[PDB]
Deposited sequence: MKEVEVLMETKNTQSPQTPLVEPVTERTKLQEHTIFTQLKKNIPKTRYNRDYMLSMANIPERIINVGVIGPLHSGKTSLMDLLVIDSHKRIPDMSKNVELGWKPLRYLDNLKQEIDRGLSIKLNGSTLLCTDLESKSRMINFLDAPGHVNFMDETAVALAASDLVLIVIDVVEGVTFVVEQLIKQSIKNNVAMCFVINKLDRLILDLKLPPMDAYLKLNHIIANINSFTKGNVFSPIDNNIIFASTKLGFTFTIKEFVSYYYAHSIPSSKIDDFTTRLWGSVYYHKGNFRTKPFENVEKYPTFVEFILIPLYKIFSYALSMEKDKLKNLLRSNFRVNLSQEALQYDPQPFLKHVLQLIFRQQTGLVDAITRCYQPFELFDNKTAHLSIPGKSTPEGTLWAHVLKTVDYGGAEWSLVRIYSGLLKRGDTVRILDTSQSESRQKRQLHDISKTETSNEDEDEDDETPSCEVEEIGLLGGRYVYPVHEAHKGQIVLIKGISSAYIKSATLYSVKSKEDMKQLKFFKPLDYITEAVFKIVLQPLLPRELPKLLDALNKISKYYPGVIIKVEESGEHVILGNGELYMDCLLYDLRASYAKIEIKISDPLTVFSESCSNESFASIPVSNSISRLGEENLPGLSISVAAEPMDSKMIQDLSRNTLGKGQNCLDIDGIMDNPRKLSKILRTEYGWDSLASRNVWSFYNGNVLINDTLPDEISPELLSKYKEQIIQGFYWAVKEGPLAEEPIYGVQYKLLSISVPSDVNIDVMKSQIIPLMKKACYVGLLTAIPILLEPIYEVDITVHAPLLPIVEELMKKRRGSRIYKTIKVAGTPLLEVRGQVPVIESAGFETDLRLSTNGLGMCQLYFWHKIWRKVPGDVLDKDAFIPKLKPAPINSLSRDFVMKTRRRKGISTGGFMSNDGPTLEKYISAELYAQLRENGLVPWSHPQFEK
């Protein structure tokens, strides 16, 4: 039965042919389109969607002429009003390379705004190859710099599309020689970050494009169209490779240096660029009579009669679309630049655990994201093993439990608790979803029945045999590139409707993977996002869709981290003693990067306890730890280490071993909720000095007391030091015209603790690129200040994927802190203000007195 499928547009190719491709796992390619804000990826998918489909209903307006893009992938009302991708969308398309071999290639269009980095992280987790779209003008900025690193950081192949080529010809009006220099500088910077892999146009690594004017090409594609039939079939491969670099052509020869008396134009500018420049120039500026002949003589392009009436820009997008034909050079770059053998085995190991391939009968899938279509909840799922049949009851495990279930699996080597039924299977089409009966290995599809057994992501599988169940692996929960630092607390206007808000908050926790939503034990609910746009978008969803109630929210806030700045005093039923000191500055950064050590002598944090020999070696060699301390490390947690500095002839290491697991558990509770205002502890080195071993008790109750006491013990160690409050710092990437730099600096001074770091001149453009950092609490309305202050000639974005925690100025134990009741607190009071106010929301100043007996507290005050 057709049902609602009668409305989806037909594809030029038969979709059943496309589905047949999935029968061969080697014939599917998962490609994700990522890049900075407003680079062209949503408009890039337009081309592919258009080239794949016969006619688009509800179109025929200015889009047909190209005056306004067909935002086929950006369909949410909030996406249409704001003019940017907000949530990950995609489209499954049958595409053919220049060698006539066809593949089913699953496109995922990721948002470019920094706030939606959690979305591209889902794309990276799903894609085999990523298409990085960059704006020629801005070039290789920080956002693409981290996207290159993050792609290499995951195990996804990469091919670069360098978009908005129209800007050089029309906006900047650069000459072709200087234009090529810009294109080469961009590629130059790309290779500086791609480590060994060399990206170049002649390697089918790099695609040129002007998605607004409807064309994307590669050198291979270009020669295939208008030069291949002019040279011997054998020489074609050698000819393309000479179309880049310091290679010059004259009357049939190629020499590295320029010919003496002819214009010293390299091959690329002579055979590609100047053709482009002058099909741009002639289309806008030449008589249609002479022009129609040139297109027919040089490009075998026939101009329809209606075309000569077109307005200039529609005329331009028309002729260019006639020349460059269906992006086939792009699909060639994708299929050529993959080689799955090396990557797939590596990618699966990083997304889960290293191990043997799953049995071919067992079903295994990565359900990446929860998204709602037509109201109902769906699930973006990519298959790794087995065959997904509709109605096959399948076992879903939230990726949170994956860490616990995997160790419990290895324990069982020395029935599943959640399961449900998959109701529907769909393919992405952007504006539609195509119903499908089965999903094969390597497909990424939409699933409906499974969204009620996980929150953010899960691991799908089917038991199959009893003995294969001892083999399978669980997907690690995704690593959303940025941490949630924007804190907004909200309560419903009418308290009776709070359950309605609660059910809507659960939906956002599923729909916005980057968000961290929790309720404090005292009362109100907190929303943790990354940036203003993230928050303003989820609130609308919360307010105008999922709850439909009046909501009251606070001013922008943050999550703080509390730590010490000194070593502290020893200090001290039973009792135990620990002292805390600030962690090494270099070590804090490395742990923020999830790596310990440097220079190919490092261990990934996930298996750091698992490899004790190398841990001791790296700690002593790379960081300078002494011999005894290196071996004695017990645990790592959120930038803090718990080392064992007890003496062997005070507590037997045998007795300490049995209680060690509880000691770690107490260390965990303390770092989660610090003393001053219950914030997570960051960058602190907890030395376990000594513990008491009273006998004449049962161990199971003794083991219960060590955890709470070790929790309290850690609190005195941090309070006996110089306890400080740490606040996150947003980094800011400002692209602004060069003479407009003053207004950037003044606006920067008005924000506290905000300074300009590196300032790079963007080559070939008047605009400058400035990297800076701003405190998150003082970041409110800064982007909107800068845009209006600069009338749009300036622009910035704020990210937090680097994890910067600075000290909040002033002392934090200082009770005598003047904090105005109506105006912002002065600098020296920020620590005390921020901790007391944060505490008031949590409940109930903070002192050591409550944790030390009054007599011992008195003896220390005298000494």
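Stretches of the deposited sequence left without coordinates are 1 to 35, 450 to 461, 620 to 634, 907 to 915, 935 to 946, in sequence order.
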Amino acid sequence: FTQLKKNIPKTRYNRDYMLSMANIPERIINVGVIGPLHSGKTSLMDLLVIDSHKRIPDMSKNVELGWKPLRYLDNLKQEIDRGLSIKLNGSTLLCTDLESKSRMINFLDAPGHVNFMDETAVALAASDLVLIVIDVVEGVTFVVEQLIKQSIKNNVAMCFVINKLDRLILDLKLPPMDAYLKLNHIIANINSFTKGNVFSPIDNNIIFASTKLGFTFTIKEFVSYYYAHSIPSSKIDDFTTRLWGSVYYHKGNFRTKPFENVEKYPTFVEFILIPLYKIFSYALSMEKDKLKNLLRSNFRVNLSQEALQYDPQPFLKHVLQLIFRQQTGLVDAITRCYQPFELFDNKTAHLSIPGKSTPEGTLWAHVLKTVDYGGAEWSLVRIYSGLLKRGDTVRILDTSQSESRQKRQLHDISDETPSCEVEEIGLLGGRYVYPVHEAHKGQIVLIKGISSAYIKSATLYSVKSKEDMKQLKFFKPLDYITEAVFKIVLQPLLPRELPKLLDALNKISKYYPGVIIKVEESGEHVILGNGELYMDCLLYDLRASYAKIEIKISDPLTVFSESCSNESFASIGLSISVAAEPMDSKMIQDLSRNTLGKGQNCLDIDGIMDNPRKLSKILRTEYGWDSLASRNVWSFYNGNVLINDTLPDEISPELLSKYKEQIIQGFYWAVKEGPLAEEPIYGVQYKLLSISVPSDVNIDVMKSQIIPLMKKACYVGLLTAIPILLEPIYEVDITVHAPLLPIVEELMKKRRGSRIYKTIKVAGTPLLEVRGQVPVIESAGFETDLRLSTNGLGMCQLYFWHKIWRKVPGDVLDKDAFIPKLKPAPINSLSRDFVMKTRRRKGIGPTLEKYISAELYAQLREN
From here on, numbers count along this sequence of modelled residues.
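Mean C-alpha B-factor is higher over 595 to 603 than over the other stretch, the pair under comparison being 595 to 603 and 776 to 784. Of the two stretches examined, 321 to 329 and 518 to 526, the record assigns the greater average C-alpha temperature factor to 518 to 526. When the C-alpha B-factors of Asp109, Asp733, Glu145, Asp610 are ranked from the entry, the top spot goes to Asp610. Of the residues listed, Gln406, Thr240, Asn638, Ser151, the entry assigns the biggest Cα temperature factor to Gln406. For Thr42, the recorded CA temperature factor ranks within the lowest third of the chain's modelled residues.
The entry lists a Cα temperature factor for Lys101 that places it in the middle third of the chain's modelled residues.
The deposited CA B-factor of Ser210 belongs to the lowest third of values across its chain.
In the deposited entry, the Cα temperature factor of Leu830 places it in the middle third of its chain's modelled residues.
For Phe818, the recorded CA B-factor ranks within the highest third of the chain. Only modelled residues enter the ranking.
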